[PDB]
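Geometric and topological summary
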Amino acid sequence: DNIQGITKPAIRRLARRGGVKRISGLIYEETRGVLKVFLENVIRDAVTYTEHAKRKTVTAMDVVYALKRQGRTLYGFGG
Amino acid sequence: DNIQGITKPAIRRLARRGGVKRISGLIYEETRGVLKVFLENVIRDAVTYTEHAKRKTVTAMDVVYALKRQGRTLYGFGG
Amino acid sequence: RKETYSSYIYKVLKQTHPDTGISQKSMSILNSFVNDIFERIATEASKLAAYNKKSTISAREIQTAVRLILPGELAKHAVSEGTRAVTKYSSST
Amino acid sequence: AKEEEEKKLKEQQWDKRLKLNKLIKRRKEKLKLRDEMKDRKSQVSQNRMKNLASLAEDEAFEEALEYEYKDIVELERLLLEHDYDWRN
Amino acid sequence: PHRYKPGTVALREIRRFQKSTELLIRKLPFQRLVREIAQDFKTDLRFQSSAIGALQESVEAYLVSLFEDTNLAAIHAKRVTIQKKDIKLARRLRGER
Amino acid sequence: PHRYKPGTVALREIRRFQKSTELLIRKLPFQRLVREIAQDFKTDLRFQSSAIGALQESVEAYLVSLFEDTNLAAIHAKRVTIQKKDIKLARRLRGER
Amino acid sequence: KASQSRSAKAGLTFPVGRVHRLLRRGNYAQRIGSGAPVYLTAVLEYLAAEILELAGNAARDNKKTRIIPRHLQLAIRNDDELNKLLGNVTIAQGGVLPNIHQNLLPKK
Amino acid sequence: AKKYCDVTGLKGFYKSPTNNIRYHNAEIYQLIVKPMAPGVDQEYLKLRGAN
DNA sequence: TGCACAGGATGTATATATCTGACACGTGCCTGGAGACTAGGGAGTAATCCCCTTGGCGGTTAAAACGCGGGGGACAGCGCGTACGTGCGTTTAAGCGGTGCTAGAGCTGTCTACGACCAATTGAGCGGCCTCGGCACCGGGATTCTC
DNA sequence: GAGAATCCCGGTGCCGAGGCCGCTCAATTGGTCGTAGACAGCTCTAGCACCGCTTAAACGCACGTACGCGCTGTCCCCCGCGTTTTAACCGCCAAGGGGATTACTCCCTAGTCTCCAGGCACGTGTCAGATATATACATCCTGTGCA
């Protein structure tokens, strides 16, 4: 239970943060697949940055550069 | 009258390039509305490029450079 | 040794709001913001200076870069503030 | 339309001029304030947006109103008479 | 007295223009348009010939890219005909405001 | 007793979650998910908590943007309920295929 | 003989020589002019002042004395040019704006 | 040196703080001095050589 | 059978006393920015040439503008049923928090071999010029959807 | 079954795509030196694992009512088409204005030595929140008695 480790009201919480009204039952595994296919592109770049750095731990800067790659840059943990 | 330079059968030519059977007659004025803006956004970033070169003619090299700044690096005319 | 823009940012909000505290997370947000504008302006200026076959970066290159990157209203405020500051700096006579 | 006719009849039955001129000047100031609120870079529209954000944290109509104010000023001038130059 | 059904010759000329790849906009009115939008910022502007063709290729490509998306939006809207909300829905979903 | 209209306490919960800024995904299933998906590319991999946090805020922000785009595409489609074809349309017109 | 820095020579509170150092060993060009760090220092100082002004009245609109990234996020996305500048960036702990489409309300 | 208005050549009483242009009265400031484009003020200051 | 009155209980109301609780200010230090002195080569000015591109013809001709009949499509409207929300009972396994251990980040030292710099050289890739066949264009018969 | 409307097979300049030689800079070879990545070696932060109590959130079964969806009937506005008509485009001549380039100048920015205070890093004090006493007064509720 790792792919469905995100519980059923959690996609609901992200949905009402997105301002929807009525939610269907078949969206949940599709949003799980979209989540895993975004995560697959993100952490592949993150671990390539990790094995370039001669390290076997993924710390704070090689992830923020990894999201800086595709134009989805996040602030705050750039140091 | 010069703003009517793009013509309605040329919009039909672009519309039958996209592969649509039926084109409503109010699309033609909408398609002009999305055109005079967009090429404008390259004229904001071409001629000032030209203005940095002490240059009073725009050429083939600064326009594709402006498109590469915008995000549509184009091939065919150098650069 | 590590470098931050914390004191300069501090005095910047102290001219405008004296009775105002700051969060460390907000300071990191602001530091990442100013560093991002810095690297954007620097790569625009270096790219423009390479495009004009010139080996020198001067004030007019970042002037064109600020005209290019920033939207127009904030662009002419930015170049106005920069021109008064540069003309004040150049009066060392 | 009968109501309109009755209103016109009542109108026909019907320092104060200086007060009306001051009201016309206040209407011109209201038009200036509407123009300041229309320009978002102005401090009046910035203060209105700050009030809207504080509530969140808690132009043709202006031209028509200016035309109505000009009509009221013309009616006041006609009542005073009956009952912006290039040179400057 | 041979009358075609509406839309068959549309699909046929759609097929020929899918075969075709030439420019679909008239060149000289486009030159007039770019000169009249360019005179607003510095008068007495000279223009090279290749830059106008690059501009025409750019606007034609952007028309194709936006028009495919509004076609998909109108197909998704259970209709055969495009409308204004299809256009601003495509511009909203592409992120072009 | 007294009940509520279905669709009114939903608005109260929407405004409660939109004024809120707290994180809406549990930390330990998310850390198990990112470790199990990082095991596929490189073994014996350790992690830092701020990296997990950055990953978490990135994914919920992308999910919120996708949900807002799906809501807009669904209310374009003369309906209230979102379905998977609006998700597919939003991803297709957003660029990510 | 002793004189102060270039920053108060230009009347700025941001470090001019540090900007010059970051420009020179940032590897952007082999020759860097004299007036460029002053211009860049003025531009970044003005942008920081405008951002902190917006965060200032955003925090006065919440009746507080400290700056939370809620206030930064709000002061970013209620202003249109910072919306255009910072469209693709995500802020840490920011949330979203209160918005609801017109037909979704109980219109009756 | 005497001070004159940069727009009309009349007697300049006031100087705008933004672009440093001497002007004559209020409506000159509203119509010309305030909404002028950048790059024009340097050419106005070129006549007396103040740039 | 109801209403009014009296009595009791509970809540309120606004300085204390404590009393933490997370904030803002008074001293070290060290290193990097600033002043002084030398060099050389990079904008900078300018003049000259020649190339392309802005106007001006004219003819003619695809091609846009315009009005016209008819036919599916989008429009609102109404009914059928079920899927989503609402709810209480029942898990359960997130969260705090606490502790124990050790990989591994991170810093310092030293080294020598990869790479910057410089001078001479030879050759190869740019260009001007020359020559011809692939493809578009035109003409006319086979062939496939549409009605 | 017919008819536009194609795909297909063959004859025609052409003009823009392949050689070719002349040759001029740019890649190649060699040498010297000063430092920067590699490796070894070291000190402690911090990440992994596990136990246990608390409980708030989550799963599941139940049902009820809008809302998605199926059908329908109709204005009507895009669509195919004949007729004018209007400007787009090809061939061309001529100017001149602006880009490329050559060429010498001089200043100002790269580089190096010195040296002291800017801003970091790490200590100590001061107004905001939270339980607590507290006594008297006022309001509300409940019980009892009376008509």
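Per the PDB record, this model was obtained through cryo-EM at a reported resolution of 3.16 Å.

1. With respect to the overall build of chain E
The number of helices and strands found in chain E is four helices and one strand. Its helices and strands in sequence order give chain E the pattern α-α-β-α-α, from N to C terminus. Compactness check: chain E gives a C-alpha radius of gyration of 18 Å against a globular reference of 13 Å for 97 residues, more than 25% above the reference. By the burial criterion, 43% of the 97 residues in chain E qualify as buried. For chain E, long-range pairs separated by at least 24 residues make up 42% of all intrachain contacts whose partners lie at least 6 apart in sequence. A total of about 6100 Å² of accessible surface is found on chain E, and carbon and sulfur atoms cover 57% of it. Considering chain E, the positive charge centre built from 21 side chains and the negative charge centre built from 11 side chains are found 7 Å apart.

2. A word on the overall build of chain G
A tally of regular secondary structure across chain G gives four helices and one strand. Reading chain G from its N end, one meets helices and strands in the order α-β-α-α-α. Against the 2.2 N^0.38 benchmark of 13 Å for 108 residues, chain G shows a C-alpha radius of gyration of 20 Å, more extended than a compact globule. For chain G, the share of sequence-separated contacts (at least 6 apart) that also reach a separation of at least 24 residues comes to 36%.

3. A word on the packing of aromatic side chains
Each aromatic ring pair is described using two quantities: the centre-to-centre distance and the angle formed by the ring planes. Between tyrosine 14 of chain H and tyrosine 23 of chain H, the ring centres sit 5.6 Å apart and the planes meet at 40°, which makes this aromatic pair tilted. Summarising the aromatic geometry, the rings of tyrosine 23 of chain H and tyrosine 29 of chain H are spaced 5.0 Å apart at their centres and angled 25° between planes, so their arrangement reads as stacked. Members of the aromatic cluster, connected to one another through ring pairs, are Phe13, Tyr14, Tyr23 and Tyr29 of chain H. Here the guanidinium or amino end of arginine 87 of chain D rests over the ring plane of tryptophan 86 of chain D, the centre of that ring lying 4.3 Å away. It is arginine 16 of chain E that lies over the ring of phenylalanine 17 of chain E; its NZ or CZ is 5.1 Å from the centre.

4. Things to note about the interface of chain C and chain B
Taken together, the contact between chain C and chain B spans nine residues of the former and ten residues of the latter. Looking at the side of chain C that touches chain B, the elements with two or more residues in it are helix 2 (24-51) and helix 3 (59-69) of chain C. Partitioned by chemical class, the residues of the side of chain C that touches chain B number three nonpolar, two polar and four charged.

5. Focus on the packing of helix 1 (residues 16-24) of chain G against helix 2 (residues 36-60) of chain G
Residues and elements named next belong to chain G. Closest axis-to-axis distance for the helix 1/helix 2 pair is 9 Å, and the angle between their directions is 115°. As far as their axial angle goes, helix 2 and helix 1 are roughly perpendicular. Relative to helix 2, helix 1 is oriented so that their crossing is right-handed. Where helix 1 abuts helix 2, its residues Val16, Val19, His20 and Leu23 lie against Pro37, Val38, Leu40 and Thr41. Of the residues that constitute the contact of helix 1 with helix 2, the class distribution is six nonpolar, two polar and no charged.

6. As for the environment of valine 42 of chain A
Summarising the element assignment, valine 42 of chain A is placed in helix 2 (residues 28-52). Expressed as a C-alpha distance, the spacing of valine 42 of chain A and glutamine 70 of chain A, which sit 28 residues apart in the sequence, is 8.9 Å. If we ignore the near neighbours within four places in the chain, the residues touching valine 42 of chain A are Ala66, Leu67 and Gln70 of chain A together with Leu55 of chain F.

7. A short note on the pattern of salt bridges
Proximity of charged atoms lets side chains of opposite charge pair with each other. Here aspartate 69 of chain F ties to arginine 94 of chain F by a salt bridge, and the two come within 3.0 Å at their closest N and O atoms. Here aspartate 69 of chain F is found in helix 3 (residues 49-76), whereas its partner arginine 94 of chain F is found in helix 4 (residues 84-94), with 25 residues between them in sequence. Between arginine 79 of chain F and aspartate 86 of chain F there is a salt bridge, with the nearest N and O atoms lying 3.8 Å from each other. Look at the salt bridges and you will find they share partners, linking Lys68 of chain A together with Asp36 and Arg40 of chain C into a network.

8. Here we look at the packing of helix 5 (residues 60-70) of chain B against helix 3 (residues 49-76) of chain E
Between helix 5 of chain B and helix 3 of chain E, whose axes approach to 8 Å, the crossing angle comes to 25°. When the axes of helix 5 of chain B and helix 3 of chain E are compared, the pair comes out roughly parallel. As helix 5 of chain B runs across helix 3 of chain E, the sense of the crossing is right-handed. Residues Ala60, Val63 and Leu67 of chain B of helix 5 of chain B form the contact with helix 3 of chain E, whose own contacting residues are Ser50, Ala51, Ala54, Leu55 and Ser58 of chain E. Considered class by class, the residues forming the contact of helix 5 of chain B with helix 3 of chain E number six nonpolar, two polar and no charged.

9. Focus on the interface of chain F and chain A
Taken together, the contact between chain F and chain A spans 50 residues of the former and 45 residues of the latter. Residue contributions to the side of chain F that touches chain A peak at 16 residues, all from helix 3 of chain F. Looking at the side of chain F that touches chain A residue by residue, the classes come out as 27 nonpolar, eleven polar and twelve charged. Bridge analysis of strand 1 (residues 57-58) of chain A against strand 1 (residues 46-47) of chain F gives two bridges, and the strand direction is parallel. If you follow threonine 57 of chain A over to strand 1 of chain F, its bridge partner there is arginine 46 of chain F.

10. Side note on the side chain of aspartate 36 of chain C
Here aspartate 36 of chain C lies in helix 2. When near neighbours in sequence (up to four residues on either side) are disregarded, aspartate 36 of chain C contacts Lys68 and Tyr75 of chain A.

11. Quick word on unusual backbone geometry
In the Ramachandran plot, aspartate 44 of chain E falls in the positive-phi region, its phi being about 55° despite a non-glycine side chain. Within the secondary structure layout, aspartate 44 of chain E lies in the loop between helix 2 (27-38) and strand 1 (46-47).

12. Observations regarding the environment of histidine 71 of chain G
Residue and element names in this part refer to chain G. Mapped onto the fold, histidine 71 is located in helix 3 (residues 69-77). Counting along the chain gives 13 residues from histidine 71 to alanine 58, while the straight-line C-alpha distance between them is 5.5 Å. Once residues lying within four places of it in the same chain are set aside, the contact partners of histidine 71 are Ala58, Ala59, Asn62 and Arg66. Polar side-chain contacts of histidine 71 include one of 3.1 Å to the side chain of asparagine 62.

Cut-offs used in this document
- Each chain's residues are numbered sequentially from 1 according to the written sequence, a convention that need not reproduce the entry's numbering, and residues without coordinates are excluded.
- The order in which chains are written sets their letters, starting at A; the order in which ligands are written sets their numbers, starting at 1.
- Each value listed here was derived from the chains shown, which are themselves a piece of a larger assembly.
- Water and hydrogen atoms play no part in the side-chain values, which are based on all heavy atoms of the structure.
- Residues with missing side-chain atoms are left out of burial classes, side-chain pairs and their counts.
- The helix and strand labels rest on DSSP assignments: H or I over at least four residues marks a helix, E over at least two residues marks a strand, and numbering proceeds from the N terminus.
- Between the two quantities, the radius of gyration covers C-alpha atoms and the globule rule is 2.2 Å times the number of residues to the power 0.38.
- Each residue is assigned to one of three classes by its accessible area relative to the maximum for its type, calculated with a 1.4 Å probe on protein chains only: buried under 20%, partly exposed between the two thresholds, exposed over 50%.
- Contact criterion: two residues are considered in contact whenever any of their non-hydrogen atoms come within 4.5 Å of each other.
- Accessible areas in this description were obtained via Shrake-Rupley with a 1.4 Å probe; residue shielding takes into account the shown protein chains only.
- For this count, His and the chain ends are skipped, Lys and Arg are scored as positive, and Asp and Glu as negative.
- A charged residue contributes its charge at one atom only: NZ of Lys, CZ of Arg, CG of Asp or CD of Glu.
- Think of it this way: a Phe, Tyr or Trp ring, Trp meaning its six-membered ring, pairs with another when their centres are within 6.5 Å, and the plane angle makes it stacked under 30 degrees, edge-to-face over 60, tilted otherwise.
- Criterion for a charge above a ring: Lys NZ or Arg CZ within 6 Å of the ring centre, and within 35 degrees of the ring normal.
- The residue classification treats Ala, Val, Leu, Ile, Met, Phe, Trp, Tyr, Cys and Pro as nonpolar and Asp, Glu, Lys and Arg as charged. All others, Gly included, are polar.
- All axes are obtained by fitting lines to C-alpha atoms, using only the stretch in contact for helices, and the reported angles, taken between N-to-C directions, cover 0 to 180 degrees.
- For this classification, under 35 degrees means roughly parallel, over 145 means roughly antiparallel, 65 to 115 means roughly perpendicular, and everything else is oblique.
- Throughout, a crossing is termed right-handed when the near helix is turned clockwise from the far one, and left-handed when it is turned anticlockwise from it by less than a right angle.
- Salt bridges are counted wherever a side-chain nitrogen of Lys or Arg sits within 4 Å of a carboxyl oxygen of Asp or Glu.
- Two strands pair under a simple rule: DSSP has to find at least two bridges between them.
- In protein, a polar contact means a hydrogen-donor-capable atom and an acceptor-capable atom, both N or O and within 3.5 Å, with residues adjacent in sequence counting only if both atoms are side-chain atoms; elsewhere, any N or O pair within 3.5 Å suffices.

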